[PDB]
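**Student:** Structure below; questions to follow.
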2 protein chains.
Amino acid sequence: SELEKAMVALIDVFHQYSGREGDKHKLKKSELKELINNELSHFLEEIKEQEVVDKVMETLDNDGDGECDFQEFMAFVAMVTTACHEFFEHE
Amino acid sequence: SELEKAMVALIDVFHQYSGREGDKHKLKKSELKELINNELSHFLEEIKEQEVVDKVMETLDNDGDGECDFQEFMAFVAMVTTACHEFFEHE
């Protein structure tokens, strides 16, 4: 159930937010901002993501005029956590 | 920690598999097959995914000659669960 609880969480947390129907039945990336603020991994401001989060906030706001998909939900939270190569900094 | 445990699981389960270093430090999609067989949501063979899983097995095998990224880890598990539009079948 390790990955099971992972996939469910990504979708169910999206369900919780107030754009699940009203927006595009999905949310603009500007709303994803507030989401990653908390439910990413609490904070994370001290490792490396501190750079990427800021760069994300730029791209998030600019690009996400259309919508943010669950594919990008993963993208943003994974890229702030990585953004270098891949698993080089973690495995 | 709802989404926190989600992101950690996606990466750490990948870490567990025997291609985390030996393959491309990532795994061919062919290995992702075995991964989704179990750690997707146990099984799921009766809702709608039963179609997509097969279509996935085709594409997975054909396209994943290079590698499978964590981005695609999400992609495949999310698409088998969806593949229609977006959250239409779930929210």
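Just so we're on the same page: first chain in the structure tokens is A, next is B, and so on; residues restart at 1 for each chain, and ligands are numbered from 1 in the order they show up.
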Compute the set of chain A residues within 10 Å of chain B, using only C-alpha atoms, and express it as a ChimeraX atom specification.

**Tutor:** /A:1-16,20-21,25-26,35-36,38-43,69-72,74-75,77-79,81,86-88,90-91

**Student:** After a least-squares superposition on chain B using every in-order C-alpha pair, I'd like chain A written out as an mmCIF file with N, CA, C and O atoms, in the first residue's frame.

**Tutor:**
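Final output, result.cif:
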```cif
data_model
loop_
_atom_site.group_PDB
_atom_site.id
_atom_site.type_symbol
_atom_site.label_atom_id
_atom_site.label_comp_id
_atom_site.auth_asym_id
_atom_site.auth_seq_id
_atom_site.Cartn_x
_atom_site.Cartn_y
_atom_site.Cartn_z
ATOM 1 N N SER A 1 0.968 15.886 6.215
ATOM 2 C CA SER A 1 1.865 14.852 5.728
ATOM 3 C C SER A 1 1.214 13.971 4.658
ATOM 4 O O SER A 1 1.804 12.979 4.233
ATOM 5 N N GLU A 2 0.045 14.364 4.184
ATOM 6 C CA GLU A 2 -0.728 13.576 3.250
ATOM 7 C C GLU A 2 0.003 13.450 1.908
ATOM 8 O O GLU A 2 0.238 12.339 1.399
ATOM 9 N N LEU A 3 0.424 14.570 1.394
ATOM 10 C CA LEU A 3 1.065 14.637 0.108
ATOM 11 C C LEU A 3 2.549 14.354 0.322
ATOM 12 O O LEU A 3 3.233 13.800 -0.544
ATOM 13 N N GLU A 4 3.012 14.701 1.508
ATOM 14 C CA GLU A 4 4.378 14.442 1.949
ATOM 15 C C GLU A 4 4.695 12.939 1.820
ATOM 16 O O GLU A 4 5.641 12.554 1.123
ATOM 17 N N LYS A 5 3.844 12.091 2.419
ATOM 18 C CA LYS A 5 4.045 10.638 2.362
ATOM 19 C C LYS A 5 3.843 10.100 0.951
ATOM 20 O O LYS A 5 4.289 8.998 0.632
ATOM 21 N N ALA A 6 3.141 10.854 0.129
ATOM 22 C CA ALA A 6 2.922 10.466 -1.245
ATOM 23 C C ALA A 6 4.195 10.606 -2.066
ATOM 24 O O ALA A 6 4.630 9.651 -2.716
ATOM 25 N N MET A 7 4.805 11.777 -2.000
ATOM 26 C CA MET A 7 5.998 12.068 -2.785
ATOM 27 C C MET A 7 7.156 11.176 -2.365
ATOM 28 O O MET A 7 7.844 10.590 -3.213
ATOM 29 N N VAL A 8 7.311 11.019 -1.067
ATOM 30 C CA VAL A 8 8.364 10.182 -0.512
ATOM 31 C C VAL A 8 8.221 8.739 -0.996
ATOM 32 O O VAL A 8 9.194 8.125 -1.412
ATOM 33 N N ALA A 9 6.992 8.230 -0.992
ATOM 34 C CA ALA A 9 6.724 6.856 -1.403
ATOM 35 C C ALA A 9 7.132 6.613 -2.854
ATOM 36 O O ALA A 9 7.824 5.648 -3.140
ATOM 37 N N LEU A 10 6.735 7.522 -3.747
ATOM 38 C CA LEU A 10 7.055 7.423 -5.186
ATOM 39 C C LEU A 10 8.565 7.246 -5.406
ATOM 40 O O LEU A 10 9.002 6.395 -6.186
ATOM 41 N N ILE A 11 9.345 8.014 -4.677
ATOM 42 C CA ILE A 11 10.790 7.973 -4.798
ATOM 43 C C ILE A 11 11.399 6.774 -4.033
ATOM 44 O O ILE A 11 12.232 6.037 -4.569
ATOM 45 N N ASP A 12 10.945 6.555 -2.812
ATOM 46 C CA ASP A 12 11.517 5.515 -1.947
ATOM 47 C C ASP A 12 11.240 4.106 -2.479
ATOM 48 O O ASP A 12 12.092 3.223 -2.383
ATOM 49 N N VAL A 13 10.069 3.902 -3.078
ATOM 50 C CA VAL A 13 9.745 2.601 -3.667
ATOM 51 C C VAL A 13 10.619 2.357 -4.903
ATOM 52 O O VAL A 13 11.054 1.229 -5.162
ATOM 53 N N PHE A 14 10.915 3.429 -5.628
ATOM 54 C CA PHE A 14 11.779 3.362 -6.797
ATOM 55 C C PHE A 14 13.183 2.932 -6.343
ATOM 56 O O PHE A 14 13.821 2.082 -6.960
ATOM 57 N N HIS A 15 13.613 3.520 -5.227
ATOM 58 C CA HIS A 15 14.888 3.216 -4.554
ATOM 59 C C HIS A 15 15.009 1.713 -4.234
ATOM 60 O O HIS A 15 16.084 1.137 -4.323
ATOM 61 N N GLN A 16 13.913 1.122 -3.823
ATOM 62 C CA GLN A 16 13.872 -0.285 -3.439
ATOM 63 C C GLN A 16 14.205 -1.236 -4.584
ATOM 64 O O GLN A 16 14.943 -2.208 -4.384
ATOM 65 N N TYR A 17 13.707 -0.938 -5.771
ATOM 66 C CA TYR A 17 13.904 -1.809 -6.926
ATOM 67 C C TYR A 17 15.363 -1.890 -7.386
ATOM 68 O O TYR A 17 16.125 -0.932 -7.276
ATOM 69 N N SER A 18 15.721 -3.029 -7.942
ATOM 70 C CA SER A 18 17.103 -3.387 -8.263
ATOM 71 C C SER A 18 17.685 -2.660 -9.487
ATOM 72 O O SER A 18 18.770 -3.009 -9.955
ATOM 73 N N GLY A 19 17.015 -1.652 -9.976
ATOM 74 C CA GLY A 19 17.546 -0.917 -11.101
ATOM 75 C C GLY A 19 17.946 0.484 -10.711
ATOM 76 O O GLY A 19 18.417 1.261 -11.548
ATOM 77 N N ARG A 20 17.812 0.780 -9.414
ATOM 78 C CA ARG A 20 18.070 2.114 -8.834
ATOM 79 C C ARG A 20 19.503 2.622 -9.081
ATOM 80 O O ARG A 20 19.777 3.798 -8.941
ATOM 81 N N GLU A 21 20.406 1.727 -9.397
ATOM 82 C CA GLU A 21 21.755 2.099 -9.713
ATOM 83 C C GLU A 21 22.207 1.382 -10.985
ATOM 84 O O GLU A 21 22.651 2.007 -11.939
ATOM 85 N N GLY A 22 22.001 0.084 -11.000
ATOM 86 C CA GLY A 22 22.486 -0.777 -12.056
ATOM 87 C C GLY A 22 21.968 -0.469 -13.446
ATOM 88 O O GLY A 22 22.710 -0.597 -14.409
ATOM 89 N N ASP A 23 20.720 -0.047 -13.561
ATOM 90 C CA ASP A 23 20.148 0.174 -14.892
ATOM 91 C C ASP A 23 20.613 1.489 -15.518
ATOM 92 O O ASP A 23 21.637 1.533 -16.201
ATOM 93 N N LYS A 24 19.904 2.533 -15.280
ATOM 94 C CA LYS A 24 20.290 3.866 -15.732
ATOM 95 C C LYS A 24 20.285 4.744 -14.485
ATOM 96 O O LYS A 24 20.175 5.968 -14.537
ATOM 97 N N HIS A 25 20.417 4.053 -13.339
ATOM 98 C CA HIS A 25 20.188 4.607 -11.989
ATOM 99 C C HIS A 25 18.679 4.887 -11.886
ATOM 100 O O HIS A 25 18.174 5.506 -10.968
ATOM 101 N N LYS A 26 17.986 4.330 -12.839
ATOM 102 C CA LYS A 26 16.578 4.435 -13.025
ATOM 103 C C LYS A 26 16.246 3.192 -13.754
ATOM 104 O O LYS A 26 17.169 2.491 -14.151
ATOM 105 N N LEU A 27 15.010 2.909 -13.966
ATOM 106 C CA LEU A 27 14.645 1.627 -14.503
ATOM 107 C C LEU A 27 13.986 1.785 -15.830
ATOM 108 O O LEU A 27 13.361 2.795 -16.075
ATOM 109 N N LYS A 28 14.190 0.823 -16.708
ATOM 110 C CA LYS A 28 13.419 0.716 -17.933
ATOM 111 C C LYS A 28 11.939 0.528 -17.578
ATOM 112 O O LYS A 28 11.605 0.048 -16.481
ATOM 113 N N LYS A 29 11.059 0.843 -18.501
ATOM 114 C CA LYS A 29 9.624 0.754 -18.244
ATOM 115 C C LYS A 29 9.156 -0.684 -18.068
ATOM 116 O O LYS A 29 8.154 -0.940 -17.419
ATOM 117 N N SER A 30 9.908 -1.611 -18.602
ATOM 118 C CA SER A 30 9.623 -3.013 -18.451
ATOM 119 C C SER A 30 9.689 -3.450 -16.976
ATOM 120 O O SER A 30 9.012 -4.380 -16.565
ATOM 121 N N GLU A 31 10.471 -2.743 -16.185
ATOM 122 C CA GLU A 31 10.593 -3.040 -14.779
ATOM 123 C C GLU A 31 9.449 -2.368 -14.019
ATOM 124 O O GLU A 31 8.945 -2.882 -13.016
ATOM 125 N N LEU A 32 9.008 -1.227 -14.564
ATOM 126 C CA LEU A 32 7.898 -0.435 -14.019
ATOM 127 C C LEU A 32 6.619 -1.288 -14.061
ATOM 128 O O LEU A 32 5.751 -1.163 -13.215
ATOM 129 N N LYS A 33 6.575 -2.189 -15.035
ATOM 130 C CA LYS A 33 5.507 -3.178 -15.227
ATOM 131 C C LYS A 33 5.247 -3.951 -13.935
ATOM 132 O O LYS A 33 4.139 -3.980 -13.414
ATOM 133 N N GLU A 34 6.290 -4.535 -13.428
ATOM 134 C CA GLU A 34 6.234 -5.342 -12.216
ATOM 135 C C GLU A 34 5.867 -4.479 -11.006
ATOM 136 O O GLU A 34 5.160 -4.913 -10.089
ATOM 137 N N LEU A 35 6.311 -3.250 -11.051
ATOM 138 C CA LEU A 35 6.035 -2.278 -10.021
ATOM 139 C C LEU A 35 4.533 -1.950 -9.974
ATOM 140 O O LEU A 35 3.916 -2.055 -8.918
ATOM 141 N N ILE A 36 3.943 -1.627 -11.122
ATOM 142 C CA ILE A 36 2.525 -1.330 -11.199
ATOM 143 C C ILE A 36 1.649 -2.558 -10.964
ATOM 144 O O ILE A 36 0.473 -2.438 -10.592
ATOM 145 N N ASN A 37 2.202 -3.718 -11.230
ATOM 146 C CA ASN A 37 1.538 -5.003 -10.922
ATOM 147 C C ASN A 37 1.112 -5.072 -9.469
ATOM 148 O O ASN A 37 0.039 -5.580 -9.156
ATOM 149 N N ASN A 38 1.941 -4.572 -8.586
ATOM 150 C CA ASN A 38 1.623 -4.618 -7.185
ATOM 151 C C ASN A 38 1.387 -3.228 -6.596
ATOM 152 O O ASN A 38 0.254 -2.876 -6.212
ATOM 153 N N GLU A 39 2.413 -2.419 -6.568
ATOM 154 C CA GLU A 39 2.328 -1.140 -5.944
ATOM 155 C C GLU A 39 1.857 -0.062 -6.859
ATOM 156 O O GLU A 39 2.614 0.727 -7.408
ATOM 157 N N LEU A 40 0.610 -0.145 -7.084
ATOM 158 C CA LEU A 40 -0.159 0.818 -7.794
ATOM 159 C C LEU A 40 -1.337 1.078 -6.866
ATOM 160 O O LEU A 40 -1.540 2.181 -6.383
ATOM 161 N N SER A 41 -2.065 0.000 -6.592
ATOM 162 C CA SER A 41 -3.197 -0.052 -5.668
ATOM 163 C C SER A 41 -3.593 -1.520 -5.491
ATOM 164 O O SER A 41 -4.774 -1.874 -5.571
ATOM 165 N N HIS A 42 -2.578 -2.368 -5.253
ATOM 166 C CA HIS A 42 -2.727 -3.835 -5.116
ATOM 167 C C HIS A 42 -2.969 -4.518 -6.436
ATOM 168 O O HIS A 42 -2.081 -5.182 -6.953
ATOM 169 N N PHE A 43 -4.154 -4.369 -6.980
ATOM 170 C CA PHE A 43 -4.473 -5.002 -8.236
ATOM 171 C C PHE A 43 -5.106 -4.024 -9.202
ATOM 172 O O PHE A 43 -4.414 -3.471 -10.064
ATOM 173 N N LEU A 44 -6.399 -3.754 -8.982
ATOM 174 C CA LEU A 44 -7.244 -2.956 -9.880
ATOM 175 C C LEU A 44 -7.338 -3.621 -11.258
ATOM 176 O O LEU A 44 -6.446 -3.493 -12.114
ATOM 177 N N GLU A 45 -8.387 -4.389 -11.441
ATOM 178 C CA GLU A 45 -8.594 -5.146 -12.652
ATOM 179 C C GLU A 45 -10.067 -5.118 -13.029
ATOM 180 O O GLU A 45 -10.491 -5.794 -13.971
ATOM 181 N N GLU A 46 -10.843 -4.355 -12.304
ATOM 182 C CA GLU A 46 -12.276 -4.482 -12.388
ATOM 183 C C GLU A 46 -12.990 -3.167 -12.621
ATOM 184 O O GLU A 46 -14.198 -3.153 -12.862
ATOM 185 N N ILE A 47 -12.283 -2.070 -12.588
ATOM 186 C CA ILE A 47 -12.946 -0.805 -12.738
ATOM 187 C C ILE A 47 -12.861 -0.341 -14.193
ATOM 188 O O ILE A 47 -13.800 -0.520 -14.957
ATOM 189 N N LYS A 48 -11.728 0.178 -14.589
ATOM 190 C CA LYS A 48 -11.572 0.679 -15.966
ATOM 191 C C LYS A 48 -10.126 0.496 -16.425
ATOM 192 O O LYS A 48 -9.846 0.278 -17.618
ATOM 193 N N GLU A 49 -9.224 0.508 -15.464
ATOM 194 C CA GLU A 49 -7.809 0.365 -15.646
ATOM 195 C C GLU A 49 -7.455 -0.909 -16.399
ATOM 196 O O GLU A 49 -6.437 -0.964 -17.048
ATOM 197 N N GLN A 50 -8.337 -1.905 -16.340
ATOM 198 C CA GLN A 50 -8.166 -3.181 -17.039
ATOM 199 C C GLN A 50 -7.878 -3.003 -18.542
ATOM 200 O O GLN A 50 -7.206 -3.842 -19.165
ATOM 201 N N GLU A 51 -8.362 -1.903 -19.104
ATOM 202 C CA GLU A 51 -8.096 -1.575 -20.488
ATOM 203 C C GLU A 51 -6.727 -0.939 -20.576
ATOM 204 O O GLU A 51 -5.839 -1.399 -21.299
ATOM 205 N N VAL A 52 -6.557 0.095 -19.774
ATOM 206 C CA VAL A 52 -5.392 0.942 -19.827
ATOM 207 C C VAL A 52 -4.131 0.197 -19.468
ATOM 208 O O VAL A 52 -3.131 0.398 -20.094
ATOM 209 N N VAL A 53 -4.209 -0.684 -18.494
ATOM 210 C CA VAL A 53 -3.058 -1.492 -18.059
ATOM 211 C C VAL A 53 -2.482 -2.269 -19.239
ATOM 212 O O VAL A 53 -1.287 -2.286 -19.446
ATOM 213 N N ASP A 54 -3.356 -2.832 -20.039
ATOM 214 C CA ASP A 54 -2.959 -3.599 -21.216
ATOM 215 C C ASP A 54 -2.294 -2.690 -22.264
ATOM 216 O O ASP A 54 -1.250 -3.018 -22.827
ATOM 217 N N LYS A 55 -2.899 -1.540 -22.476
ATOM 218 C CA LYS A 55 -2.409 -0.527 -23.418
ATOM 219 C C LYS A 55 -1.078 0.061 -22.917
ATOM 220 O O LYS A 55 -0.165 0.380 -23.700
ATOM 221 N N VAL A 56 -0.993 0.196 -21.617
ATOM 222 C CA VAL A 56 0.199 0.579 -20.921
ATOM 223 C C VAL A 56 1.280 -0.443 -21.142
ATOM 224 O O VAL A 56 2.339 -0.083 -21.521
ATOM 225 N N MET A 57 0.963 -1.721 -20.997
ATOM 226 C CA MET A 57 1.958 -2.797 -21.186
ATOM 227 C C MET A 57 2.575 -2.771 -22.576
ATOM 228 O O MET A 57 3.760 -3.087 -22.744
ATOM 229 N N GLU A 58 1.782 -2.376 -23.560
ATOM 230 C CA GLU A 58 2.274 -2.204 -24.909
ATOM 231 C C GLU A 58 3.246 -1.033 -24.998
ATOM 232 O O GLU A 58 4.416 -1.200 -25.362
ATOM 233 N N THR A 59 2.772 0.134 -24.628
ATOM 234 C CA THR A 59 3.545 1.352 -24.719
ATOM 235 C C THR A 59 4.774 1.321 -23.813
ATOM 236 O O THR A 59 5.850 1.769 -24.196
ATOM 237 N N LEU A 60 4.588 0.777 -22.642
ATOM 238 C CA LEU A 60 5.613 0.608 -21.622
ATOM 239 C C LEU A 60 6.819 -0.111 -22.208
ATOM 240 O O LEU A 60 7.946 0.388 -22.166
ATOM 241 N N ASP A 61 6.547 -1.241 -22.806
ATOM 242 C CA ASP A 61 7.578 -2.100 -23.371
ATOM 243 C C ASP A 61 8.216 -1.478 -24.600
ATOM 244 O O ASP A 61 9.436 -1.503 -24.757
ATOM 245 N N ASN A 62 7.401 -0.889 -25.439
ATOM 246 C CA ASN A 62 7.875 -0.345 -26.705
ATOM 247 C C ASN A 62 8.648 0.954 -26.535
ATOM 248 O O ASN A 62 9.763 1.097 -27.038
ATOM 249 N N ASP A 63 8.079 1.883 -25.803
ATOM 250 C CA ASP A 63 8.664 3.207 -25.654
ATOM 251 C C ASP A 63 9.802 3.215 -24.658
ATOM 252 O O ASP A 63 10.818 3.879 -24.873
ATOM 253 N N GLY A 64 9.664 2.427 -23.610
ATOM 254 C CA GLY A 64 10.590 2.478 -22.496
ATOM 255 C C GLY A 64 11.879 1.732 -22.678
ATOM 256 O O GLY A 64 12.366 1.102 -21.731
ATOM 257 N N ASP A 65 12.445 1.809 -23.852
ATOM 258 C CA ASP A 65 13.728 1.197 -24.129
ATOM 259 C C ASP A 65 14.842 2.060 -23.553
ATOM 260 O O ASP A 65 15.935 1.582 -23.235
ATOM 261 N N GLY A 66 14.544 3.327 -23.387
ATOM 262 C CA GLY A 66 15.506 4.247 -22.852
ATOM 263 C C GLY A 66 15.546 4.206 -21.346
ATOM 264 O O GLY A 66 16.577 3.845 -20.766
ATOM 265 N N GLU A 67 14.428 4.551 -20.714
ATOM 266 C CA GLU A 67 14.307 4.599 -19.256
ATOM 267 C C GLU A 67 12.878 4.950 -18.855
ATOM 268 O O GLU A 67 12.020 5.166 -19.711
ATOM 269 N N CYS A 68 12.627 4.933 -17.577
ATOM 270 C CA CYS A 68 11.387 5.361 -17.008
ATOM 271 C C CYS A 68 11.739 6.296 -15.905
ATOM 272 O O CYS A 68 12.527 5.960 -15.005
ATOM 273 N N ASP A 69 11.226 7.464 -15.984
ATOM 274 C CA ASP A 69 11.515 8.459 -15.002
ATOM 275 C C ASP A 69 10.406 8.479 -13.954
ATOM 276 O O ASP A 69 9.349 7.879 -14.166
ATOM 277 N N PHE A 70 10.635 9.165 -12.840
ATOM 278 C CA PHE A 70 9.634 9.326 -11.785
ATOM 279 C C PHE A 70 8.444 10.119 -12.310
ATOM 280 O O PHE A 70 7.309 9.952 -11.850
ATOM 281 N N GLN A 71 8.701 10.935 -13.314
ATOM 282 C CA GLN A 71 7.656 11.674 -13.983
ATOM 283 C C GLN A 71 6.696 10.682 -14.679
ATOM 284 O O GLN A 71 5.464 10.848 -14.633
ATOM 285 N N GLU A 72 7.269 9.615 -15.254
ATOM 286 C CA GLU A 72 6.502 8.608 -15.973
ATOM 287 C C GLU A 72 5.947 7.557 -15.025
ATOM 288 O O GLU A 72 4.929 6.944 -15.308
ATOM 289 N N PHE A 73 6.621 7.382 -13.899
ATOM 290 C CA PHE A 73 6.155 6.539 -12.782
ATOM 291 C C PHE A 73 4.773 7.052 -12.419
ATOM 292 O O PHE A 73 3.811 6.300 -12.435
ATOM 293 N N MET A 74 4.687 8.358 -12.174
ATOM 294 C CA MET A 74 3.415 9.015 -11.919
ATOM 295 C C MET A 74 2.478 8.879 -13.111
ATOM 296 O O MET A 74 1.322 8.518 -12.947
ATOM 297 N N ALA A 75 3.000 9.145 -14.293
ATOM 298 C CA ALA A 75 2.208 9.132 -15.530
ATOM 299 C C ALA A 75 1.435 7.843 -15.709
ATOM 300 O O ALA A 75 0.216 7.863 -15.798
ATOM 301 N N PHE A 76 2.134 6.742 -15.684
ATOM 302 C CA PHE A 76 1.526 5.437 -15.896
ATOM 303 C C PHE A 76 0.492 5.064 -14.831
ATOM 304 O O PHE A 76 -0.618 4.647 -15.161
ATOM 305 N N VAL A 77 0.824 5.277 -13.578
ATOM 306 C CA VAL A 77 -0.093 4.945 -12.468
ATOM 307 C C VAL A 77 -1.299 5.894 -12.423
ATOM 308 O O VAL A 77 -2.409 5.495 -12.051
ATOM 309 N N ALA A 78 -1.111 7.113 -12.854
ATOM 310 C CA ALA A 78 -2.200 8.050 -12.888
ATOM 311 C C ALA A 78 -3.078 7.813 -14.112
ATOM 312 O O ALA A 78 -4.300 7.876 -14.015
ATOM 313 N N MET A 79 -2.466 7.508 -15.258
ATOM 314 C CA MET A 79 -3.229 7.304 -16.490
ATOM 315 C C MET A 79 -4.047 6.024 -16.453
ATOM 316 O O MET A 79 -5.150 6.014 -16.934
ATOM 317 N N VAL A 80 -3.529 4.952 -15.849
ATOM 318 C CA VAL A 80 -4.322 3.710 -15.752
ATOM 319 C C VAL A 80 -5.544 3.927 -14.874
ATOM 320 O O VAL A 80 -6.603 3.363 -15.102
ATOM 321 N N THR A 81 -5.381 4.801 -13.925
ATOM 322 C CA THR A 81 -6.396 5.145 -12.994
ATOM 323 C C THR A 81 -7.425 6.140 -13.626
ATOM 324 O O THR A 81 -8.612 6.161 -13.252
ATOM 325 N N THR A 82 -6.990 6.900 -14.621
ATOM 326 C CA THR A 82 -7.852 7.874 -15.254
ATOM 327 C C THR A 82 -8.154 7.510 -16.724
ATOM 328 O O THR A 82 -9.124 6.813 -16.992
ATOM 329 N N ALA A 83 -7.278 7.961 -17.639
ATOM 330 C CA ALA A 83 -7.373 7.745 -19.102
ATOM 331 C C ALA A 83 -8.781 7.896 -19.650
ATOM 332 O O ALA A 83 -9.483 6.908 -19.898
ATOM 333 N N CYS A 84 -9.199 9.121 -19.774
ATOM 334 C CA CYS A 84 -10.501 9.461 -20.292
ATOM 335 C C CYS A 84 -10.525 10.938 -20.578
ATOM 336 O O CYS A 84 -10.634 11.369 -21.718
ATOM 337 N N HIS A 85 -10.364 11.707 -19.541
ATOM 338 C CA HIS A 85 -10.338 13.125 -19.643
ATOM 339 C C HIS A 85 -9.420 13.630 -18.545
ATOM 340 O O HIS A 85 -8.298 14.031 -18.809
ATOM 341 N N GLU A 86 -9.891 13.535 -17.311
ATOM 342 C CA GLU A 86 -9.120 13.883 -16.123
ATOM 343 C C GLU A 86 -9.735 13.318 -14.832
ATOM 344 O O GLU A 86 -9.602 12.134 -14.550
ATOM 345 N N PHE A 87 -10.474 14.122 -14.111
ATOM 346 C CA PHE A 87 -11.067 13.715 -12.856
ATOM 347 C C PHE A 87 -12.535 13.399 -13.031
ATOM 348 O O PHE A 87 -13.244 13.212 -12.055
ATOM 349 N N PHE A 88 -12.968 13.305 -14.271
ATOM 350 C CA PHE A 88 -14.366 13.014 -14.622
ATOM 351 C C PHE A 88 -14.907 11.773 -13.896
ATOM 352 O O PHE A 88 -16.007 11.798 -13.356
ATOM 353 N N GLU A 89 -14.107 10.732 -13.833
ATOM 354 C CA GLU A 89 -14.542 9.475 -13.262
ATOM 355 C C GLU A 89 -14.269 9.358 -11.755
ATOM 356 O O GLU A 89 -14.574 8.337 -11.157
ATOM 357 N N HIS A 90 -13.703 10.379 -11.137
ATOM 358 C CA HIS A 90 -13.374 10.273 -9.716
ATOM 359 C C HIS A 90 -13.583 11.561 -8.964
ATOM 360 O O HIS A 90 -14.363 11.592 -8.025
ATOM 361 N N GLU A 91 -12.896 12.621 -9.415
ATOM 362 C CA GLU A 91 -12.764 13.860 -8.665
ATOM 363 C C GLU A 91 -11.979 13.504 -7.432
ATOM 364 O O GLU A 91 -12.556 13.357 -6.365
#
```

**Student:** Just asking: which residues within chain B are helix (DSSP H, G or I) according to DSSP, as a PyMOL selection string?

**Tutor:** chain B and resi 2-16+29-38+49-63+70-81
